[PDB]
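Asks: What follows is a single structure, and I will ask about it in a moment.
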Amino acid sequence: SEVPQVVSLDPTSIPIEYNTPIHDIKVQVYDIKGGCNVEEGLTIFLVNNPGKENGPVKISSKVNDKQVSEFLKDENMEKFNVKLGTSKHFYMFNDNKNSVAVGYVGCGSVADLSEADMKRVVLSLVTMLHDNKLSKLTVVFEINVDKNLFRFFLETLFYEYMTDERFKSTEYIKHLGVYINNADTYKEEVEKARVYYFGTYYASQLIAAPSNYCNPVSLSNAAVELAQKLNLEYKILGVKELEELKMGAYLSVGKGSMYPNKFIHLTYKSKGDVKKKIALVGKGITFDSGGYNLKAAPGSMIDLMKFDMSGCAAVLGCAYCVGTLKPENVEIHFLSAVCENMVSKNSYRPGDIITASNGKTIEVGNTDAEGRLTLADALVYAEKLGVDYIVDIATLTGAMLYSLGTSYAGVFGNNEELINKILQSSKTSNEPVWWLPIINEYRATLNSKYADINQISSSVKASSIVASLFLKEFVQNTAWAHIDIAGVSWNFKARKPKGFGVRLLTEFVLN
Amino acid sequence: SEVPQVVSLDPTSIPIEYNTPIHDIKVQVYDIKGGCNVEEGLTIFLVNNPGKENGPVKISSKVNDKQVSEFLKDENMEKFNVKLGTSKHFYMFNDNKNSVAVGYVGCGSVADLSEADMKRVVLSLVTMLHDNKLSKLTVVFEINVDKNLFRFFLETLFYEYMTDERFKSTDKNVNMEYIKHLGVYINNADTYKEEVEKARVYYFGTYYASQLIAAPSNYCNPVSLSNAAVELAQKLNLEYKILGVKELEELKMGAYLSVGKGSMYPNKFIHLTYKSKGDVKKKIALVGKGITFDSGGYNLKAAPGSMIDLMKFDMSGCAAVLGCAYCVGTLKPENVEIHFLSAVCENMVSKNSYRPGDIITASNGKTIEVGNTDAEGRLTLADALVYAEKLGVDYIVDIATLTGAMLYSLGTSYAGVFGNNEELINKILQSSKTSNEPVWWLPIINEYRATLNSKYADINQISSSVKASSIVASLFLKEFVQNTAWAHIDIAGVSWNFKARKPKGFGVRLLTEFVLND
Amino acid sequence: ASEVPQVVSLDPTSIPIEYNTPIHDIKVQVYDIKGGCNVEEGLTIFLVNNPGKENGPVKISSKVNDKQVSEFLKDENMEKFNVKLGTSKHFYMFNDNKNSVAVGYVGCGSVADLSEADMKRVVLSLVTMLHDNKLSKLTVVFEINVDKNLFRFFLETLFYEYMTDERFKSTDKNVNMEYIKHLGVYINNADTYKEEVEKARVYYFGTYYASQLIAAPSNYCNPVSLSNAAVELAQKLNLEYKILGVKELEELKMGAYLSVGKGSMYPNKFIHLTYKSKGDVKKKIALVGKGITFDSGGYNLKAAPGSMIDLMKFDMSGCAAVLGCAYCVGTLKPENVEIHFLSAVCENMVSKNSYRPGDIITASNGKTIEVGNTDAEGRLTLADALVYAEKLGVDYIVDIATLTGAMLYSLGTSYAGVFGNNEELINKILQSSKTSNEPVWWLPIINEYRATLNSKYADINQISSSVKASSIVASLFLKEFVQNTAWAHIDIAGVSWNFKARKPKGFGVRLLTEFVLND
Ligand SMILES: [Zn+2]
Ligand SMILES: [Zn+2]
Ligand SMILES: [Zn+2]
Ligand SMILES: [Zn+2]
Ligand SMILES: [Zn+2]
Ligand SMILES: [Zn+2]
């Protein structure tokens, strides 16, 4: 519980903001039929031009205002194109001689927008908000979007709009109007978007927290504080309990750290009959220097490694969403074997042979492959709960930047139905995931000469699949999936976390 | 048609063995419900024991010789297990008082053997042939096996047994003695017979492709590779055309020709055609990357691990298409028209090579900013795709050793497949299942296209920021298929068998199965 | 003259070669130290040691024939100077004839038997006193013990280090260079060391000649110009010579040697100089030298840090050593021997015409070779050059080559490595090393690595894919191209270039010549 320090100035807790300006935004959804009102604030239309790549802007909806109508006349809206993500907006006086702001965001030439297109649209939207001091924004949907994509649009606008100043030292809007066809069906999605937004923004807060602030001790303390605020059971496992359990793999990674290993175990149990038990496991490495296999090669981005607990952050954000929504007929376990991978006289070293909590011995070939070591014991622990689904999520292998890149997470697993559910949850959360195979032919490269199994392949380069084959050895009789978010977790362009997985994991629990 | 040379000692053609020793093998399939005759040669039993990891071996088939039976009594076979890949040699005097050789290969503890497990059995089998001078091999199938797994057995056996001595001179392996007959004892032998011919045609198509890949770059060049295809087309009675530089100039193939500007061998564009003597219901175009050697260009492969010495394989895609042409041209399917295309060149370093930053114009008008001269595969394939599209086909399928990222995505076992059309990918995925050449579907993330927006040309050859290289190349290729169904098979990672130091001929059976089950 | 191709009219068409060096005009006199040292004009320098104590005091032992110079060199007056190896002091005084003289000393340490390395350092200190001083005579007095072979080494090393190569200086000539015209030497039993004076002079130029060739840059010294250089040398020495061009090389089926050159603008040229003695011929010897006039690496370009591509004008040091040898042999004229000097010269370059990694090529002995790395081009040329050598029917084949950069990690910059298939031949090489004072050290041909040359397609791999001991694996490769003849192979990659002085060593000329005049 007490966070160790080297000097008195070392911080002793993660600053968390629970009450954000987003939560104060009044959101009204009006039916697109009957026309729009432009009586104050910024009014933005979302218009596309199917077929006509880069075609002009044309506004179809009738606005109850003589002056702005004159502005949105086809003859005047012609000079502007629908290039996906392009935008302009103008200030003027309306019928009532009130200064308003009218504009549009180009939604391209495709009709069925993707999550990435939507993201590009929102980015233009937020760009106007951050350089315009208004109190109301109104968005008119002259494009076709389903309920999930609509909810996704709100979540993404909320998340991108929020600016995280916790670590800074030396005026948001208050109303949101949405003009959309079928408003009544879309209304039930607004408050859920608000929950998903924060769940995503909470994970981002932890990830963004640097490793001096966000260490194994303080990160478990935040988990506990989230459980109590949410009224979930919470048990934190310490070194003594961890030795008694024999989690050799997990403890080896921490041997070199000044912060004791802390294993997080949150539990949500719905009030009624329990029909499905689920274990969610997240890689929780608060800083991964690589260990004696130091991240010293050009491109190894050691300065980003505060993010190697992104899986844990996702699983916790899921706890917020799950505890806040309080679904029926489930028991969810949120697990994370937290630690820190450092270079010290005390660290485990390459070549060490260690014994996991299920008795299998493992030969360490590379100390930077530590995430699969910690997940190994977390998966043994999880299977001891007698759950139906074990889903882990982790920034495991940098190889994913060369397979799927920075947009799509990869998912591996030992059960077709579980991989199917994760994909469908990817469709409804709009968090993109792609199914990759656990190629059995590669398993023999983990045949250790001395230990029971190798930690890494010495030859095979498809590390994302090799790790998957290693993890498989630690689940004996339970549907299990594995989601490698190493490439998607961090938004390199915006220089901030994405919060990837929260909504994906929640949709998996909910539907 | 004439291969340029620098010295009179430079080879002017690819050595190609068409009548291989495997071809000289007389295969018969006998019905096991009738006993196995153990006269001469080596006769091998494929046995398993479902249950414990290394159960014991138990011969089930009726052996048509008293002495052998008394020898193969369970009491004698108890000492040996059926560990997958295990084998043992037996010697005895049969009923005729003659010396016979018999043995077994462990088929593991599984009932329905896996493809990868079948291979391991063939290799173990081949090992028994390699240091032995035998005239006949008999194999009794005491394991469950479908027709498709029987053919795959023959197929794999033929390819591994075949030893490529085209380039030996004083190290010709004496003691090499191929068997002359192959006997197969199987249940319902009458139904598996149909697969012997097919396992033969599929075998050679693959070994053919492997001969072109293995052929060093000095032997196998753009001129000599096109010469080889014309001979193949002439044997198979396929229509053939070879576009030379002047025609390629007239067709305005700036991307393709720019790659070869630095080679000493002129560009040669292969176009073979098969069409059957009935109505045509499907018209396919198969495109193969045909880079006979890939130095990288001015973006020289000099970084560690770039394996410049392996780049004679950068035409395995072309080899696969020509290989498919043999199988299709031999079996001759009905109601199809198939164009086998390849834009062959050599990516070299010279005062005549194209440069990074160069801007070139493809045959479809699109200007291209070259960002890395070693991304030359997508350039040649761009002009080949627009060429294929002009033919008015239903399916355009290309197969290429395009991107090294494949090793980090799927590894050395599975090829990746990309496309713009679910239906065609599904047909490739099915064909992958039945040819037994594994492939995994990867997506063309549209979000990355923006990193191809060039500031001066119409399109970027490469992305500057994105590292998912296989996906980006697929996005580039996508810009040269305007309205046709098109899939893309990246074989950069599966083409070369690194452990054996020999090509796999990957793609031949896949492409054929695609053509024949349509 | 055989015409050298050019790109522009300014490209040089010949290697500039100086044959009449200032060292050829110095008159050498050797005096017996018994009977007195006279102190004439110029500089007089004593070589003094003090066995026992390091940095010990210097005492002048020999008898000087001058009262003033004697009084000045009194032991009590010399104790202020030590004998630390290399130290040196200059003295100035008037003699018996009221004339100014200059004397001094150079310290030779406290060890009894100086090594060639120690002699090198003593000579370097002498040269330092010769530079920036307009002297007409230098005299050296040997108050130290050296055998006949080490005394010759002193003269040659003195001559070599004294020489300054200005062939490529135009506006920056040292307008202050003035060489001595006379050199006196005082030593005990002088009559026995006299015979070494003329051999040392011959040995100096032979080595300085190879040095000129090596330092000549690849645009001056290319396959055509260097073969032209050898022709002229054979012509001045009445040596037999035949220069095989591409046409014969194709007839001779030298596919390995030709492949390496396919990418050059200078056609391959094969040098073959012959010295046949007039007497009954008892030994026939073929010396083979690696002749790469510039080694870019080929498509396996030298781009890795520390690859020193800018040094690769020296990949023909073996050929230069062998030609330097030919000068000595042609000049000294051994009596009962037949010597063939061979070099398969070419240039390893990047072009559309170059051979590629992976290429399979056929050597003149019909063996096919899979090219795994184009930067290992030397073993390819030597393979064919060895086949040609055995066809001549000699008693010994000895090749010398800057073959493997591993040499820098095994024996370093001082000792070369000798490999071979024949203990007796390797002993003759080791013997010639002692007498030439050019250090060689025997390294093994480890047969266990042979298997890693087993190509899957060709007859043999050019390179091992797993074994890192390049210098051994190449020896295994070459050994496959000599079937029934004693053959040794001397890798000089590490020792050829003198990094400190920024010039070539000419290493191997004297080693090889001594071998030629061996029992
Ligand atoms: Zn790591
Ligand atoms: Zn990590
Ligand atoms: Zn390339
Ligand atoms: Zn390529
Ligand atoms: Zn070299
Ligand atoms: Zn070299």
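Chain labels A, B, ... are given in the sequence in which chains occur in the structure tokens; within each chain residues are numbered consecutively from 1, and ligands are likewise numbered from 1 in the order shown.
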Go through chain A residue by residue and, counting only C-alpha atoms and all ligand atoms, keep those with an atom at most 12 Å from ligand 2; for each kept residue give the shortest atom pair and its distance in Å to one decimal, ordered by chain and increasing number, as JSON lines.
Replies:
{"residue": "A:253", "atom": "CA", "partner": "ligand 2", "partner_atom_place_in_ligand_line": "1 (Zn)", "distance": 10.1}
{"residue": "A:282", "atom": "CA", "partner": "ligand 2", "partner_atom_place_in_ligand_line": "1 (Zn)", "distance": 11.9}
{"residue": "A:283", "atom": "CA", "partner": "ligand 2", "partner_atom_place_in_ligand_line": "1 (Zn)", "distance": 8.2}
{"residue": "A:284", "atom": "CA", "partner": "ligand 2", "partner_atom_place_in_ligand_line": "1 (Zn)", "distance": 8.8}
{"residue": "A:285", "atom": "CA", "partner": "ligand 2", "partner_atom_place_in_ligand_line": "1 (Zn)", "distance": 6.4}
{"residue": "A:286", "atom": "CA", "partner": "ligand 2", "partner_atom_place_in_ligand_line": "1 (Zn)", "distance": 9.0}
{"residue": "A:287", "atom": "CA", "partner": "ligand 2", "partner_atom_place_in_ligand_line": "1 (Zn)", "distance": 7.7}
{"residue": "A:288", "atom": "CA", "partner": "ligand 2", "partner_atom_place_in_ligand_line": "1 (Zn)", "distance": 5.1}
{"residue": "A:289", "atom": "CA", "partner": "ligand 2", "partner_atom_place_in_ligand_line": "1 (Zn)", "distance": 8.0}
{"residue": "A:290", "atom": "CA", "partner": "ligand 2", "partner_atom_place_in_ligand_line": "1 (Zn)", "distance": 7.0}
{"residue": "A:291", "atom": "CA", "partner": "ligand 2", "partner_atom_place_in_ligand_line": "1 (Zn)", "distance": 9.8}
{"residue": "A:293", "atom": "CA", "partner": "ligand 2", "partner_atom_place_in_ligand_line": "1 (Zn)", "distance": 11.4}
{"residue": "A:294", "atom": "CA", "partner": "ligand 2", "partner_atom_place_in_ligand_line": "1 (Zn)", "distance": 11.3}
{"residue": "A:295", "atom": "CA", "partner": "ligand 2", "partner_atom_place_in_ligand_line": "1 (Zn)", "distance": 10.2}
{"residue": "A:300", "atom": "CA", "partner": "ligand 2", "partner_atom_place_in_ligand_line": "1 (Zn)", "distance": 11.3}
{"residue": "A:301", "atom": "CA", "partner": "ligand 2", "partner_atom_place_in_ligand_line": "1 (Zn)", "distance": 11.6}
{"residue": "A:302", "atom": "CA", "partner": "ligand 2", "partner_atom_place_in_ligand_line": "1 (Zn)", "distance": 10.2}
{"residue": "A:304", "atom": "CA", "partner": "ligand 2", "partner_atom_place_in_ligand_line": "1 (Zn)", "distance": 10.9}
{"residue": "A:305", "atom": "CA", "partner": "ligand 2", "partner_atom_place_in_ligand_line": "1 (Zn)", "distance": 7.6}
{"residue": "A:306", "atom": "CA", "partner": "ligand 2", "partner_atom_place_in_ligand_line": "1 (Zn)", "distance": 9.7}
{"residue": "A:307", "atom": "CA", "partner": "ligand 2", "partner_atom_place_in_ligand_line": "1 (Zn)", "distance": 9.0}
{"residue": "A:308", "atom": "CA", "partner": "ligand 2", "partner_atom_place_in_ligand_line": "1 (Zn)", "distance": 5.5}
{"residue": "A:309", "atom": "CA", "partner": "ligand 2", "partner_atom_place_in_ligand_line": "1 (Zn)", "distance": 8.3}
{"residue": "A:310", "atom": "CA", "partner": "ligand 2", "partner_atom_place_in_ligand_line": "1 (Zn)", "distance": 10.2}
{"residue": "A:311", "atom": "CA", "partner": "ligand 2", "partner_atom_place_in_ligand_line": "1 (Zn)", "distance": 10.9}
{"residue": "A:338", "atom": "CA", "partner": "ligand 2", "partner_atom_place_in_ligand_line": "1 (Zn)", "distance": 11.5}
{"residue": "A:339", "atom": "CA", "partner": "ligand 2", "partner_atom_place_in_ligand_line": "1 (Zn)", "distance": 10.6}
{"residue": "A:340", "atom": "CA", "partner": "ligand 2", "partner_atom_place_in_ligand_line": "1 (Zn)", "distance": 9.3}
{"residue": "A:341", "atom": "CA", "partner": "ligand 2", "partner_atom_place_in_ligand_line": "1 (Zn)", "distance": 8.0}
{"residue": "A:342", "atom": "CA", "partner": "ligand 2", "partner_atom_place_in_ligand_line": "1 (Zn)", "distance": 11.0}
{"residue": "A:366", "atom": "CA", "partner": "ligand 2", "partner_atom_place_in_ligand_line": "1 (Zn)", "distance": 11.1}
{"residue": "A:367", "atom": "CA", "partner": "ligand 2", "partner_atom_place_in_ligand_line": "1 (Zn)", "distance": 9.1}
{"residue": "A:368", "atom": "CA", "partner": "ligand 2", "partner_atom_place_in_ligand_line": "1 (Zn)", "distance": 6.0}
{"residue": "A:369", "atom": "CA", "partner": "ligand 2", "partner_atom_place_in_ligand_line": "1 (Zn)", "distance": 6.3}
{"residue": "A:370", "atom": "CA", "partner": "ligand 2", "partner_atom_place_in_ligand_line": "1 (Zn)", "distance": 5.8}
{"residue": "A:371", "atom": "CA", "partner": "ligand 2", "partner_atom_place_in_ligand_line": "1 (Zn)", "distance": 5.1}
{"residue": "A:372", "atom": "CA", "partner": "ligand 2", "partner_atom_place_in_ligand_line": "1 (Zn)", "distance": 8.4}
{"residue": "A:373", "atom": "CA", "partner": "ligand 2", "partner_atom_place_in_ligand_line": "1 (Zn)", "distance": 9.9}
{"residue": "A:374", "atom": "CA", "partner": "ligand 2", "partner_atom_place_in_ligand_line": "1 (Zn)", "distance": 9.9}
{"residue": "A:375", "atom": "CA", "partner": "ligand 2", "partner_atom_place_in_ligand_line": "1 (Zn)", "distance": 11.0}
{"residue": "A:394", "atom": "CA", "partner": "ligand 2", "partner_atom_place_in_ligand_line": "1 (Zn)", "distance": 8.7}
{"residue": "A:395", "atom": "CA", "partner": "ligand 2", "partner_atom_place_in_ligand_line": "1 (Zn)", "distance": 6.7}
{"residue": "A:396", "atom": "CA", "partner": "ligand 2", "partner_atom_place_in_ligand_line": "1 (Zn)", "distance": 6.1}
{"residue": "A:397", "atom": "CA", "partner": "ligand 2", "partner_atom_place_in_ligand_line": "1 (Zn)", "distance": 7.8}
{"residue": "A:398", "atom": "CA", "partner": "ligand 2", "partner_atom_place_in_ligand_line": "1 (Zn)", "distance": 9.2}
{"residue": "A:484", "atom": "CA", "partner": "ligand 2", "partner_atom_place_in_ligand_line": "1 (Zn)", "distance": 11.5}
{"residue": "A:485", "atom": "CA", "partner": "ligand 2", "partner_atom_place_in_ligand_line": "1 (Zn)", "distance": 11.5}
{"residue": "A:486", "atom": "CA", "partner": "ligand 2", "partner_atom_place_in_ligand_line": "1 (Zn)", "distance": 9.0}
Asks: Excluding residue 408 in chain A and residues on its chain fewer than 4 positions from it, collect all residues at most 6 Å away from it, counting only C-alpha atoms, and give them as a PyMOL selection string.
Replies: chain A and resi 404+432-433
Asks: Could the residues of chain C that have an atom at most 9 Å from ligand 6 be listed as a Markdown table, each with its closest atom pair and the distance in Å to one decimal, counting only C-alpha atoms and all ligand atoms and ordered by chain and ascending residue number?
Replies:
| residue | atom | partner | partner_atom_place_in_ligand_line | distance |
| --- | --- | --- | --- | --- |
| C:290 | CA | ligand 6 | 1 (Zn) | 8.3 |
| C:291 | CA | ligand 6 | 1 (Zn) | 8.9 |
| C:292 | CA | ligand 6 | 1 (Zn) | 6.6 |
| C:294 | CA | ligand 6 | 1 (Zn) | 8.2 |
| C:295 | CA | ligand 6 | 1 (Zn) | 5.5 |
| C:296 | CA | ligand 6 | 1 (Zn) | 8.4 |
| C:297 | CA | ligand 6 | 1 (Zn) | 7.1 |
| C:312 | CA | ligand 6 | 1 (Zn) | 7.9 |
| C:315 | CA | ligand 6 | 1 (Zn) | 5.6 |
| C:316 | CA | ligand 6 | 1 (Zn) | 8.5 |
| C:348 | CA | ligand 6 | 1 (Zn) | 8.1 |
| C:375 | CA | ligand 6 | 1 (Zn) | 6.1 |
| C:376 | CA | ligand 6 | 1 (Zn) | 5.7 |
| C:377 | CA | ligand 6 | 1 (Zn) | 5.4 |
| C:378 | CA | ligand 6 | 1 (Zn) | 4.9 |
| C:379 | CA | ligand 6 | 1 (Zn) | 8.2 |
| C:401 | CA | ligand 6 | 1 (Zn) | 8.6 |
| C:402 | CA | ligand 6 | 1 (Zn) | 6.8 |
| C:403 | CA | ligand 6 | 1 (Zn) | 5.8 |
| C:404 | CA | ligand 6 | 1 (Zn) | 7.5 |
| C:493 | CA | ligand 6 | 1 (Zn) | 9.0 |
Asks: Create the file for the chosen residues now, containing C-alpha atoms and written as a PDB file, in the first residue's frame.
Replies:
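What ended up in selection.pdb:
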ATOM      1  CA  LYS C 290      46.340 -12.165 -55.283  1.00  0.00           C
ATOM      2  CA  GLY C 291      45.894  -9.359 -57.790  1.00  0.00           C
ATOM      3  CA  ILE C 292      42.731  -7.340 -57.090  1.00  0.00           C
ATOM      4  CA  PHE C 294      40.444  -2.505 -56.312  1.00  0.00           C
ATOM      5  CA  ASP C 295      37.971  -4.521 -54.217  1.00  0.00           C
ATOM      6  CA  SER C 296      34.714  -2.605 -53.839  1.00  0.00           C
ATOM      7  CA  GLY C 297      33.197  -5.870 -52.617  1.00  0.00           C
ATOM      8  CA  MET C 312      40.987  -1.529 -51.061  1.00  0.00           C
ATOM      9  CA  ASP C 315      43.886  -5.909 -52.462  1.00  0.00           C
ATOM     10  CA  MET C 316      46.787  -6.523 -54.908  1.00  0.00           C
ATOM     11  CA  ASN C 348      35.815  -6.246 -58.286  1.00  0.00           C
ATOM     12  CA  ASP C 375      33.399  -9.751 -51.512  1.00  0.00           C
ATOM     13  CA  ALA C 376      35.247 -13.083 -51.113  1.00  0.00           C
ATOM     14  CA  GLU C 377      36.506 -12.699 -54.666  1.00  0.00           C
ATOM     15  CA  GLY C 378      40.143 -13.535 -53.918  1.00  0.00           C
ATOM     16  CA  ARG C 379      39.624 -17.229 -53.271  1.00  0.00           C
ATOM     17  CA  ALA C 401      47.195 -12.843 -50.615  1.00  0.00           C
ATOM     18  CA  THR C 402      45.390 -10.173 -48.608  1.00  0.00           C
ATOM     19  CA  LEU C 403      42.579 -12.671 -48.286  1.00  0.00           C
ATOM     20  CA  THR C 404      40.673 -12.414 -44.984  1.00  0.00           C
ATOM     21  CA  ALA C 493      45.574  -9.087 -45.131  1.00  0.00           C
TER      22      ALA C 493
END
Asks: Using only C-alpha atoms, tabulate the residues of chain B lying at most 9 Å from any atom of chain C, each with its closest atom pair and that distance in Å to one decimal, by chain and increasing residue number, as a Markdown table.
Replies:
| residue | atom | partner | partner_atom | distance |
| --- | --- | --- | --- | --- |
| B:5 | CA | C:353 | CA | 8.6 |
| B:6 | CA | C:262 | CA | 6.3 |
| B:7 | CA | C:262 | CA | 7.3 |
| B:8 | CA | C:250 | CA | 6.5 |
| B:9 | CA | C:255 | CA | 6.4 |
| B:10 | CA | C:255 | CA | 8.4 |
| B:164 | CA | C:457 | CA | 7.1 |
| B:165 | CA | C:457 | CA | 6.6 |
| B:166 | CA | C:457 | CA | 7.5 |
| B:167 | CA | C:458 | CA | 5.1 |
| B:168 | CA | C:458 | CA | 5.1 |
| B:169 | CA | C:367 | CA | 5.9 |
| B:170 | CA | C:367 | CA | 5.8 |
| B:171 | CA | C:459 | CA | 5.1 |
| B:172 | CA | C:459 | CA | 7.9 |
| B:214 | CA | C:457 | CA | 8.2 |
| B:215 | CA | C:360 | CA | 8.7 |
| B:216 | CA | C:359 | CA | 5.1 |
| B:217 | CA | C:359 | CA | 5.8 |
| B:218 | CA | C:359 | CA | 5.6 |
| B:219 | CA | C:359 | CA | 7.8 |
| B:262 | CA | C:352 | CA | 6.1 |
| B:263 | CA | C:352 | CA | 5.2 |
| B:264 | CA | C:352 | CA | 5.4 |
| B:265 | CA | C:352 | CA | 8.7 |
| B:293 | CA | C:356 | CA | 8.2 |
| B:295 | CA | C:299 | CA | 7.3 |
| B:300 | CA | C:299 | CA | 8.2 |
| B:301 | CA | C:300 | CA | 8.3 |
| B:302 | CA | C:303 | CA | 6.9 |
| B:303 | CA | C:304 | CA | 8.1 |
| B:304 | CA | C:304 | CA | 9.0 |
| B:308 | CA | C:357 | CA | 6.9 |
| B:309 | CA | C:357 | CA | 4.7 |
| B:310 | CA | C:358 | CA | 6.7 |
| B:311 | CA | C:358 | CA | 7.9 |
| B:312 | CA | C:358 | CA | 6.7 |
| B:348 | CA | C:352 | CA | 5.9 |
| B:349 | CA | C:351 | CA | 5.7 |
| B:350 | CA | C:351 | CA | 4.9 |
| B:351 | CA | C:351 | CA | 7.7 |
| B:352 | CA | C:352 | CA | 8.4 |
| B:353 | CA | C:352 | CA | 8.8 |
| B:500 | CA | C:456 | CA | 8.8 |
| B:501 | CA | C:456 | CA | 6.9 |
| B:502 | CA | C:456 | CA | 7.9 |
Asks: Write to file, as a tab-separated table (two decimals), in the first residue's frame, the residues of the selection just made, with C-alpha atoms.
Replies:
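What ended up in again14.tsv:
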chain	number	residue	atom	x	y	z
B	5	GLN	CA	26.75	-12.62	-72.18
B	6	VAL	CA	29.77	-10.83	-70.73
B	7	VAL	CA	32.18	-13.76	-71.20
B	8	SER	CA	31.77	-16.80	-73.42
B	9	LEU	CA	31.48	-18.91	-70.25
B	10	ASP	CA	28.15	-17.30	-69.22
B	164	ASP	CA	18.34	-31.77	-58.10
B	165	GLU	CA	21.75	-32.47	-59.65
B	166	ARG	CA	21.52	-29.99	-62.54
B	167	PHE	CA	24.52	-28.02	-61.23
B	168	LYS	CA	26.85	-30.79	-59.99
B	169	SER	CA	30.00	-31.57	-61.98
B	170	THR	CA	32.63	-33.44	-59.92
B	171	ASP	CA	30.38	-33.86	-56.85
B	172	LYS	CA	27.82	-35.99	-58.70
B	214	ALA	CA	16.91	-22.85	-57.64
B	215	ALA	CA	18.50	-21.86	-60.98
B	216	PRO	CA	21.11	-19.19	-60.13
B	217	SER	CA	20.63	-15.68	-61.45
B	218	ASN	CA	23.37	-15.98	-64.07
B	219	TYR	CA	21.58	-18.99	-65.55
B	262	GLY	CA	19.88	-0.99	-65.05
B	263	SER	CA	19.99	-4.59	-66.21
B	264	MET	CA	22.17	-6.11	-68.90
B	265	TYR	CA	19.25	-8.38	-69.90
B	293	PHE	CA	17.62	-11.18	-59.21
B	295	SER	CA	19.94	-6.45	-55.59
B	300	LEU	CA	21.18	-1.81	-52.09
B	301	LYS	CA	20.51	-4.82	-49.85
B	302	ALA	CA	23.48	-4.09	-47.59
B	303	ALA	CA	21.85	-4.05	-44.16
B	304	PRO	CA	22.49	-7.14	-42.02
B	308	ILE	CA	20.96	-10.44	-50.91
B	309	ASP	CA	22.51	-13.85	-51.66
B	310	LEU	CA	19.01	-15.39	-51.65
B	311	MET	CA	17.45	-12.98	-54.12
B	312	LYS	CA	17.68	-15.39	-57.05
B	348	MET	CA	20.52	-4.02	-60.78
B	349	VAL	CA	22.99	-1.24	-59.96
B	350	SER	CA	24.30	0.61	-62.99
B	351	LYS	CA	24.62	4.04	-64.50
B	352	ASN	CA	21.37	3.12	-66.30
B	353	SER	CA	19.28	2.18	-63.26
B	500	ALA	CA	16.49	-27.78	-46.48
B	501	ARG	CA	18.16	-24.99	-48.52
B	502	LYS	CA	15.80	-25.57	-51.45
Asks: Please identify the residues whose atoms come within 8 Å of ligand 3, using only C-alpha atoms and all ligand atoms, and report them as a ChimeraX atom specification.
Replies: /B:294-296,314,347,373-377,402-403
Asks: Find the spatial neighbours of residue 167 in chain C, counting only C-alpha atoms, within a cut-off of 10 Å - ignore same-chain residues fewer than 5 positions away - and output them as a list in words.
Replies: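 Listing them by chain and then by number gives residues 15, 16, 17, 18, 173, 212 and 216 of chain C.
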